[PDB]
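Participant: Mind having a look at this structure? Questions to follow.
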Amino acid sequence: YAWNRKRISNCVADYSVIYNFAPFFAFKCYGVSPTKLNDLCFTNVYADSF
Amino acid sequence: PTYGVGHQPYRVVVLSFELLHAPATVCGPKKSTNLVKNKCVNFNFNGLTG
Amino acid sequence: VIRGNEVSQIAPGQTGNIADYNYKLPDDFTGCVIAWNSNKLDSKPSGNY
């Protein structure tokens with residue numbers, strides 16, 4: 001009910017180090033494949049944690 | 001043994017097959033039936049049904 | 001043997017880090033992959049290296 005939103009911008013995102021931080025199983029995504037997150041790039045990245 | 005759940009040791013045995021027009025050697029367990037001629041009959045020549 | 005985050009990694013039409021060097025499946029093929037849990041089957045008291 002009080003989830004914290006952290007805005008991530010103006011940096012270089014390497015998504016290969018996410019697997020070494022949390023012991024999850026599947027990188028479940030809807031619009032972008034997890035193996036193609038590095039060649040192309042976006043405007044802003046937001047993180048919601050609950 | 002005290003590691004996280006996201007990188008537990010697993011095991012894989014692959015049983016990949018292939019579909020070729022090569023002379024087939026490995027099949028399933030079946031039975032052979034003698035030839036018939038000039039008759040409308042269903043056939044099972046090496047798995048090629050019709 | 002494989003790691004935990006590798007059952008979905010080894011697939012036709014998939015990339016990553018394992019599929020580049022260790023084991024790569026062709027995109028169009030028949031047959032498949034059998035996987036399970038072998039955490040206690042690969043747990044020495046000092047670990048596996």
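In the structure tokens, chains take letters A, B, ... by order of appearance, with residues numbered from 1 within each chain and ligands from 1 in the order shown.
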As a PyMOL selection string, could you give me every residue of chain A near chain C (at most 12 Å apart, counting only C-alpha atoms)?
Facilitator: chain A and resi 15-17+19-20+22-28+33-38
Participant: Skipping near chain neighbours, those fewer than 4 positions away, what residues fall within 12 Å of residue 46 (chain C) using only C-alpha atoms, listed as a PyMOL selection string?
Facilitator: (chain B and resi 1-2) or (chain C and resi 42)
Participant: Write a file of the selected residues as a CSV table (one decimal), in the first residue's frame, keeping C-alpha atoms.
Facilitator:
```csv
chain,number,residue,atom,x,y,z
B,1,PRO,CA,24.8,-26.3,0.3
B,2,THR,CA,24.1,-22.9,2.0
C,42,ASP,CA,25.7,-31.9,-6.3
```
Participant: Would you give me, as a list in words, the residues of chain B that come within 7 Å of chain A, using only C-alpha atoms?
Facilitator: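 In the required form, that comes to residues 4, 5, 6 and 7 of chain B.
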Participant: Could you work out which residues of chain C fall inside 10 Å of chain B? Count only C-alpha atoms, and format the result as an NGL selection string.
Facilitator: :C and (1-7 or 25 or 29-48)
Participant: Extract the full set of helix (DSSP H, G or I) residues from chain A according to DSSP on the backbone, and format it as an MDAnalysis selection string.
Facilitator: chainID A and resid 15:17 34:36
Participant: Store the residues picked out above, limited to C-alpha atoms, as a tab-separated table (two decimals), in the first residue's frame.
Facilitator:
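Once everything was written out, this is result03.tsv:
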```tsv
chain	number	residue	atom	x	y	z
A	15	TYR	CA	21.37	-5.49	-16.96
A	16	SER	CA	23.74	-8.48	-16.78
A	17	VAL	CA	24.44	-7.81	-13.07
A	34	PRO	CA	15.64	-9.65	-21.35
A	35	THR	CA	18.56	-10.56	-23.63
A	36	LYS	CA	18.05	-7.44	-25.79
```
Participant: Measure the distance from CA of residue 26 (chain C) to CA of residue 13 (chain C) in Å and round it to one decimal.
Facilitator: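 CA of residue 13 (chain C) lies 7.5 Å from CA of residue 26 (chain C).
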